[PDB]
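Below you will find one chain, with nothing else, as structure tokens; this is the form deposited in one PDB entry, and questions on how it binds or moves follow later.
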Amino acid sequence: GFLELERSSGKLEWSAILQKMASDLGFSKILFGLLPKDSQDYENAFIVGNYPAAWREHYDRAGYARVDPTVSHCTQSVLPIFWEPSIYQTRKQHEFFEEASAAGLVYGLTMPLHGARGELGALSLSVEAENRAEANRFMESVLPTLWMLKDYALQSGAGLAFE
């Protein structure tokens, strides 16, 4: 469920259900971020999940949404972006990668979200693995499930956040 999410009430339960779905699938951390149509107020987005608060706080105060390559990717594509070191291209993105890595966010992917009413979002999931090769092996194995999941999360989350 979807339906757990849909029949759930309030942000806390919804985030809890989404986090457990992510954890059950094999991902330790998740972020669901969503903005309403033609908003680019990334630092004020609807954000759900279990990224370390200190990371979330730094990210927002540093305006990292404007440096993070996954965010720029989300504005350009509906396809997943895997957190390969090569996505971090600029000087500031290298620093971001180092800091993100320190936060435990070295391995993962971001599923862009584009809702029926112009919502702009991301469903990011990090994996704990011994190496990126392992993480990628795992992510490929669950990708089809995740790809459905992100849209269920979107449809439910947009309603929660905005309807």
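For every residue, the number given is its place in the sequence shown, counted from 1. C-alpha atoms forming the largest set that superposes within 1.5 Å between two forms make up the rigid core. Only residues modelled in both forms are compared.
Below, we turn to the form deposited in another entry, even though it does not appear here.
Asks: In a fit on the core, which one among 45, 122, 100, 127 has a Cα that moves 2 Å or more between the shown form and the other one?
Replies: Single hit from the list, 45.
Asks: Did residue 43 and residue 59 drift closer or farther in that other deposited form, going by a CA distance change of 3 angstroms or more?
Replies: Farther: residue 43 and residue 59 separate by 3 Å or more in that other deposited form.
Asks: Please list the stretches that shift between the shown form and the other one, defined as three or more consecutive residues with CA displacements of 2 Å or more after core superposition.
Replies: Runs moving 2 Å or more: 1 to 4, 7 to 12, 42 to 45.
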